[PDB]
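Scroll down for the structure; my scribbles are underneath it.
Reconstructed Cβ throughout: ideal geometry from the backbone, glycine too, with neighbour counts over all protein chains shown. Bear in mind these aren't lab numbers, they're just calculated from the coordinates by the rules spelled out.
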Amino acid sequence: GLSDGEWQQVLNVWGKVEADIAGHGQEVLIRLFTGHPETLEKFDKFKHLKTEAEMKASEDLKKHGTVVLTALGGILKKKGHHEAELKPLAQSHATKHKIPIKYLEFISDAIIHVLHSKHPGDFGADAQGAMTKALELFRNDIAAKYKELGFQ
Ligand code: HEM
């Protein structure tokens, strides 16, 4: 649960991402894959990537970063009223992709990391607080659907 002022911070931060969605999406995925190599094994289309240089050179990885962040941005713009947008993603991630909730924690922290790396000194403590709370809400509502489905 976020206040109006917190949502305002979230959507202000998101403007930084929307200025270069593919570059942010690429770096988020590279941070996830290099920090948590078990996550790469869930992607049949990226498991061939052995080095970070290959990851950086991959245009399909940048494409997928655009897909991921476009979906997250659409959810964030709903300011918590995201049941319809979140349900298909929860279902696909539990039943088809088999993504444990832990990996959603990993990517949440990776987003925070990338924001500081690309905007050092321009991602303030209030903005970090609000973004963290928004990603927690997203993760918690997915977790509720995972529990319904019995997925661990
Ligand atoms: C911010 C969180 C994320 C968002 C919004 C997101 C969004 C999406 C979207 C929109 C798709 C394509 C449609 C679909 O299959 O439902 C997708 C595919 C996928 N997601 Fe996620 N995702 C997230 C986190 C993750 C994480 C943490 C993993 C794995 C560690 C992951 C693994 C996958 C896989 C395996 C695919 C299928 C890729 C394919 O083969 O082309 N997702 N995701």
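The single condition among (1) within 10 Å of the ligand (Cβ to nearest atom); (2) within 27 Å of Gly1 (Cα to Cα) that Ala84 does not meet is (1). Among the residues of segment 44-55, those identified as part of a helix (DSSP H, G or I) and either of a type outside the set (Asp, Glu) or in contact (Cβ under 8 Å) with a residue 60 or more places away in the chain (or both) are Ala53, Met55. Within segment 31-43, restricting attention to residues that are assigned to a helix (DSSP H, G or I) and closer than 19 Å to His97 by Cα, the residue that is farthest from the ligand (Cβ to nearest atom) is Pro37.
Given the residues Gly5, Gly35, which is the only one that is under 21 Å from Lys133 (Cβ atoms), of a type outside the set (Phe, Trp, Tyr) and surrounded by fewer than 19 Cβ atoms within 10 Å (Cβ to Cβ)?
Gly5 is the lone residue from the list that is under 21 Å from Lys133 (Cβ atoms), of a type outside the set (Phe, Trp, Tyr) and surrounded by fewer than 19 Cβ atoms within 10 Å (Cβ to Cβ).
Checked against (1) more than 12 Å from the ligand (Cβ to nearest atom); (2) surrounded by 14 or more Cβ atoms within 10 Å (Cβ to Cβ), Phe46 meets all criteria but (1).
Restricting attention to segment 56-112, the residues that are touching a residue at least 40 places away in the same chain (Cβ under 8 Å) and not in a helix (DSSP H, G or I) add up to 8.
Being more than 10 Å from the ligand (Cβ to nearest atom), touching a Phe, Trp or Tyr at 6+ places or on another chain (Cβ under 6 Å) and of a type in the set (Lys, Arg) is a property that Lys79 has.
Condition check: more than 17 Å from the chain's Cα centre (by Cα), more than 10 Å from the ligand (Cβ to nearest atom), small (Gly, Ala, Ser) and under 23 Å from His116 (Cβ atoms). Does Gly5 satisfy that?
When the stated conditions are applied, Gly5 passes them.
Among the residues of segment 69-100, which ones are touching a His at 6+ places or on another chain (Cβ under 9 Å) and aliphatic (A, V, I, L, M)? Listed by number, the residues that qualify are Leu69, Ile75, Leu76, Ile99. Please verify whether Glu148 is more than 14 Å from the ligand (Cβ to nearest atom) and either in contact with a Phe, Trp or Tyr (Cβ under 6 Å, 6 or more places away or on another chain) or part of a helix (DSSP H, G or I) (or both), treating the condition exactly as stated. Criteria met by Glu148.
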